[PDB]
Amino acid sequence: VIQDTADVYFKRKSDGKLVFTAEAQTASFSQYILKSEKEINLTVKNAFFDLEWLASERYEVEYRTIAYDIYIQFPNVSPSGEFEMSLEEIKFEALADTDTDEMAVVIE
Amino acid sequence: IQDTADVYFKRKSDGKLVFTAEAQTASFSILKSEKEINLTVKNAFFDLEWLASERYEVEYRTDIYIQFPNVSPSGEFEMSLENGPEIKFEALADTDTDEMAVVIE
Amino acid sequence: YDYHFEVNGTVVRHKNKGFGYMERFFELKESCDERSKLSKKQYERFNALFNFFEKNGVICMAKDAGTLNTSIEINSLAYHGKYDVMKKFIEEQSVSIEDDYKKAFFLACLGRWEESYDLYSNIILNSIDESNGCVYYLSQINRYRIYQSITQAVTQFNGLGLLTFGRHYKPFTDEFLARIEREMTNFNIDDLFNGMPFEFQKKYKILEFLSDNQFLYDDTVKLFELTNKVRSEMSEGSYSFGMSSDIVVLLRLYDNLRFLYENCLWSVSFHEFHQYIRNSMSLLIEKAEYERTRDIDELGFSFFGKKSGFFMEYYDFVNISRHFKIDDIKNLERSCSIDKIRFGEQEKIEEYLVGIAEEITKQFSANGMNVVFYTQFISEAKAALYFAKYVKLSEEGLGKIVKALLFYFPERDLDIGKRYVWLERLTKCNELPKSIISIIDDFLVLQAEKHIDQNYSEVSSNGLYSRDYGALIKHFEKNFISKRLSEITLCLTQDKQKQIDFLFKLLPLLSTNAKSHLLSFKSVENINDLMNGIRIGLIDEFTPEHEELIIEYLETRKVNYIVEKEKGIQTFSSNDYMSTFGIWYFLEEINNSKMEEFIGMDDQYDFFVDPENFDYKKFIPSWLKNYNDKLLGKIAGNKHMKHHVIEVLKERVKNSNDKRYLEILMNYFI
Amino acid sequence: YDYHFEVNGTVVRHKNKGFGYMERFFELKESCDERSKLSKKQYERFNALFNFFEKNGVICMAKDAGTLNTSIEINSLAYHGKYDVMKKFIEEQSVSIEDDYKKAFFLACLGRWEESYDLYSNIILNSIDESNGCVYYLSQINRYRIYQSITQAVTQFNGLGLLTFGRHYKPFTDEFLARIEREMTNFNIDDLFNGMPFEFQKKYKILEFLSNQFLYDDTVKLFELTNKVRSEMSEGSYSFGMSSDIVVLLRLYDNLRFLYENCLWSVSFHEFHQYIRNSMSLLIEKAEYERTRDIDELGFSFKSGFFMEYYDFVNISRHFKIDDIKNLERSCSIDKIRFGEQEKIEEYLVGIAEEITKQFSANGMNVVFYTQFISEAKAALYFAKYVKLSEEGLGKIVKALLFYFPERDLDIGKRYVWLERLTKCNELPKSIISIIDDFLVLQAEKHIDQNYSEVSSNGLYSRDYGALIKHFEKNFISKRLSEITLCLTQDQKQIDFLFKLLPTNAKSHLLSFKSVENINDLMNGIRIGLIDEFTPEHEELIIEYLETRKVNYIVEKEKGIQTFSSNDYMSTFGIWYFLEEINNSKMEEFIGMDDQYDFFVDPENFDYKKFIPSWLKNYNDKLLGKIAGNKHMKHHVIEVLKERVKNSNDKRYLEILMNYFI
């Protein structure tokens, strides 16, 4: 059984360097040669950015929780930027490579 | 062919008008058929000499006339702190003279 | 604003540009040995603050966050409806001014506003001396609120309430009104926080939000952004990890309810806060139904262990049953599926409903009806009794509830037919013991004793009568014959023929000699006599004289319609026996050509006579609502109307949300 | 509060207990003879106030007025997006301080935020003693709001913008930051209404609305009307005379005109966008419920469909996000609505197109326009899919989105999505065929490098563009691509790229250069129609791929691994086996642990409890015809679809039922 409070580490394919750490709140999966498009969306809170990394580009997501040891890996991702402003949260979407169209890795 | 209608509410013991207003909102709903109509109507002025149970009747006019002789008022309690008027009434249905659709075109 | 105090209990540093003193407080809470490093008075103060925070439930930070299960606690007797207990609490002798404040709050909750106003004035009189500024502040707030209550009651009392009750019975005197309007002349409420002294501002800066005519407007918009979030979430259908926003909604709602009710503010009973909790728990239950109905394929099935569906709780039951309205119940009934929702702690619901029934028994036992308590109580009573159709209760409590609703309840507010609908909901929830059958029989005896007048009128909004009551009695037991009604029927004379008609509606629970006397005094004369005789099982086949009366009635109808063709009348009434005749012709119960000549009158009957020659464009598929299964099969036994009806039902089902018409297509057309 | 002034323009007596001076005022407006009985200074004062009331649209009392008309007029240059005209007016001569305030509002709206703050400060310094504190009040409010805007912008620049751009890219320095910090230290907002003199308060208490809770009460009124609108939506009703949608629309346009016309910067903020989102979504849902409802006798005894406007198109484009209008697509059918005023939409969208052309032609990019404008431009090209365009405007819009849109903000397949949506409305001009030919030549010359990869989140690649071309015109052959590939050199990424994007003499060189192999390459060959009948060696390739699959399954079943590659080739192989294109039995001799594959391979021996309805969602008509011929695949799939139709509410399963199974 899953406690449903997973944690997310956000890394980069160069050097395997961690970009930030967070926890996700919303995730959305939606829809001869059979063609089927699938789309993934992720939403995390205000993360913990790395000042070491302060010293396009391809990134990866790992998503860990406990079911009683369940790990999820998305190899290719893009952090699409949304600039807003208000008075007185980071969203991601998937990327599917054309070489080997795989999106989800599960380690149980 | 227009849309705005005036409503007249009166009492059938003397045929005397109780108030007049403007229509706001209707509400609809050997076998038996279950339909029920309730009416909400905005601000009005009452009858001054009325101040000196019964059966009540309602007329709609817009010639187009919609009348029914079986209504009862339901004044629900309200509690507003801002303050700064709603009338709600429903239909009735007797047995022998069950009749609620008076129309004039 | 140095810390975010989010609603779960956890605290996050927001603007603390230095030492983490809240974290240091929780660090001192972690170790008793570090607590030994404090002073003795410091240890006492730390224990007092620990008791305060565990009283108010503030637990830890996000760095050490674990599992925070919710909990609902309300100690208000006013919320619990313990009216006798607070009556005795008012009857006690006052000890402190706080006890006087609770007494004035309970007097305002009972609705005795005059002594409530005078008691609040005396509280204000006492509170000057001891410098209890906060009690003075809420006393002034409640004084303006009860001034608003009195003025609103006076303005709506002299107008539509006279038409509501037929008599004024104005509760107050003009001198009381003059005293208050002298005391509250040109009175601002925004000044109140400014007028209090400066150290009161520096300590009670929290309490400024109470004093506004736009109270809870920020609460309303904080709800409304979350409602937008929930609407977007249910439209997309995502896997909400972490904690979903409805948890925040329910925690904010319970926090507001406890803060408002425990501190004895009169401002809980207002229309806007009722609307607030209305749409709040409406959104919560609609989200619960959506998460029940949702289907998943691949990752959510790997991710949804132990999904807590929303149950029914006693605090949730009271919060539903108090500040609701019946049209909103129909609104949530068109959506959702409340039968699938689990209920719990039903003994508490049973004792609450028992307290409600005893309260209305004591209220309507005598003529001392407090108009203020009546107006603040009956709508809550209606909401509680209408929500009572999904709770299973014991026999004796159901008997008390049924007897209270049938006898000690104003018929001027709830009609007989709506009472029948409500007890029908009670019977479909829980089965009917024979003592309760005797109770309903005595209720109908009271109805007949009302019916002994020759000038009496029986009024039903939905057109439901005591025949349906007796039909329900026969539906749960056919073998029961009402002997009280039998001897009443034996007591009938010639001049009692209106009462004879009312008992003629009540055929199957009578005796043989009484039925012989009734049939001696009965003659089938009008069409409603035919409707009753086919309704009570008296008439089962169609005699030719019934056909003669029907054709005579239709001839008179055709004469009147040819007259009315000059004038502007099209529709007549809901007494639509002519389409019933067309149904009987469609069921081949009448095979005369004279009614076949009567075609061209009304669209239903013209369809039912000749469906092959019927113009299908004028067919109204809402008529498809009011049909039964045998008639649907006979409808399926004709090619010509099905040729259009399949397409019409398809386009109605596809372009709308009629699940009943969806089942109508599904069960019979495929 | 002696009278109530409602949004339609009528007056109701509320607390007026003395003389009926407003009623007498309109009585004086009734009679010109009574208008003569006045001083002519007072008479021209009366006419000036009459011009004021017709400017604000106040029409009579409620008893006096009859019918009323919905009138819409916006004179704002920033509303219609006259960007270059705003550049010229900024560059023009500045004399009036009111015109200076309008230019400062333009400069804030045209991204010169520090310059606009300097102009606001100089406006305050000039209007120190200018005998009207109204401009002072507005300048102080806009100064505070642009301070907060600059602060939130620089904090969002400090964080994830570095992740988005690969560069810190800070356009500001700390000098004016520290200066505005000390300038706005201890600066509250509610004191400002107290800040003006007594007589200013006594004459301008009406302006209290601008004093941190912007639109709070208006969002409260929007929320309660939203509850009322959904409450009457839940059952039959007849909103006689005034209806709540008129109230919502008039309140929307009144707030929008008051905010825009008096040049208040707070229109940029997020909560106002939420207000517009909620109001417009409720209006759209009202239109859908009006068009879809049943008709009883009183509806026959008593149309009024909503018509979209150019102002409505601007309100759609300015204040929406792509997921919300996707939900609007999910709820209401937009395509059945009436459209109009297409020339204004065409010139507005081509103005956005030429603005994109000017900005993205040069490499020098200003980020403030970028961040305030990429969502509005994306929403505009989203909602362009219900507009019919002339060939000049359509071609300019198409080439602007193809050649000038930044590739970081938009996948090539995501561009193909908008291309599909715009080509659904209208035909395909041959000039537009030449434009997309230029775009595909651009893709082909991009694919020369041995490291470029067309990553697509939706999985749609460059072949689908030429597939769209042959969907509109198949007998036409690409010529410039053929001329490029006639000189192919065998020494390979671009060769495989045009091998994907191929469909004679141009084909001969590639077919000589190619090497038919593999599985995904076989998938591409059957996708493009090069492979049309299965040779035995292709069957051997499928067999050895399933051997590799079962070896990997044997390895991975020792541990816990659930998800696999999204390109489910083996499920498609099972589809083709029960499309009866394949005749090999060794592939079905081993059962594959995919539940769709076990659903296929066991036609009457599969546990139907683990069937997924989304498999039935993304099938096609020929698969439904094949599944209609199986008696074992009748009862279980029919009852699963029955329970899914009963539980859910989407319309797709109804079409799946009625297409083959009714």
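As recorded in the PDB header, cryo-EM is the method behind this entry, and the stated resolution is 4.48 Å.

Interfaces are often described in size by the accessible area the parts lose on coming together. Opposite the 40 residues of chain C that make contact, chain B presents 34 residues. Residue contributions to the side of chain C that touches chain B peak at five residues, all from helix 8 (residues 133–157) of chain C.

Below, the discussion takes up unusual backbone geometry. Even without being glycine, C:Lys306 reaches a positive phi, approximately 60°. Among the secondary structure elements, C:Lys306 is positioned in the loop between helix 16 (300–303) and helix 17 (314–322). With phi around 55°, D:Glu341 is a residue other than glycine that occupies positive phi space. Secondary-structure assignment places D:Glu341 in the loop between helix 17 (322–331) and helix 18 (342–361).

Residue and element names in this part refer to chain C. Packing of helix 7 (residues 113–130) against helix 8 brings their axes to within 10 Å, and their N-to-C directions diverge by 155°. Looking at the two axes, helix 7 sits roughly antiparallel to helix 8. Crossing hand, helix 7 versus helix 8: left-handed. In contact with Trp 113, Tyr 117, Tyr 120, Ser 121, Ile 123, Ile 124 and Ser 127 of helix 7, helix 8 contributes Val 135, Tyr 136, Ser 139, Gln 140, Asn 142, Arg 143, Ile 146, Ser 149, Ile 150 and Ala 153. Counted by class, the contact of helix 7 with helix 8 contains 10 nonpolar, six polar and one charged residues.

What follows concerns the interface of chain B and chain D. Between chain B and chain D, the contact holds 10 residues from the first and 12 residues from the second. Considering only the surface of chain B that becomes buried against chain D, B:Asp3, B:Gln24 and B:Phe28 emerge as the three largest contributors, covering 42% of it. Counting every contact that joins chain B to chain D gives zero salt bridges. Joining chain B to chain D, the criterion identifies one residue pair in polar contact.

Time to look at the pattern of salt bridges. Within the structure shown, the criterion is met by 67 salt bridges over all chains. The partner of D:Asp607 in a salt bridge is D:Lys610, with the nearest N and O atoms 3.8 Å apart. For D:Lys610, a relative accessible area of 35% puts it in the partly exposed group. Three or more residues joined by partner-sharing salt bridges are found here, namely C:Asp84, C:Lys87, C:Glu359 and C:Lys362.

Time to look at the packing of helix 16 (residues 310–318) of chain D against helix 18 of chain D. Residues and elements named next belong to chain D. Where helix 16 contacts helix 18, the two axes come as close as 9 Å, and the packing angle between them is 35°. Relative to helix 18, the crossing made by helix 16 is right-handed. Seen from helix 16, the contacting residues are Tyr 310, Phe 313, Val 314 and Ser 317; seen from helix 18, they are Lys 344, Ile 345, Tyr 348 and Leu 349. Taken together, the residues of the contact of helix 16 with helix 18 break down into six nonpolar, one polar and one charged.

Conventions and cut-offs
- Residues numbered from 1 in each chain as written, not as in the entry; some residues may be left out.
- Chains lettered and ligands numbered in written order.
- Part of a larger assembly, values for the part shown.
- Heavy atoms only, no water.
- Residues with missing side-chain atoms left out of burial classes, pairs and counts.
- Contact = heavy atoms within 4.5 Å.
- Helix = DSSP H or I, 4+ residues; strand = E, 2+ residues; numbered from the N terminus.
- Axes fitted to C-alpha atoms, helices over the stretch in contact; angles between N-to-C directions.
- Parallel < 35°, antiparallel > 145°, perpendicular 65-115°, else oblique.
- Left-handed = near helix turned anticlockwise from the far one by under 90°.
- Nonpolar A, V, L, I, M, F, W, Y, C, P; charged D, E, K, R; others polar.
- Buried area = accessible area lost by both parts, 1.4 Å probe.
- Salt bridge = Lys/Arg side-chain N within 4 Å of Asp/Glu carboxyl O.
- Polar contact = N/O pair within 3.5 Å; in protein donor to acceptor, adjacent residues only side chain to side chain.
- Buried < 20%, exposed > 50% of the residue type's maximum accessible area, 1.4 Å probe, protein only.

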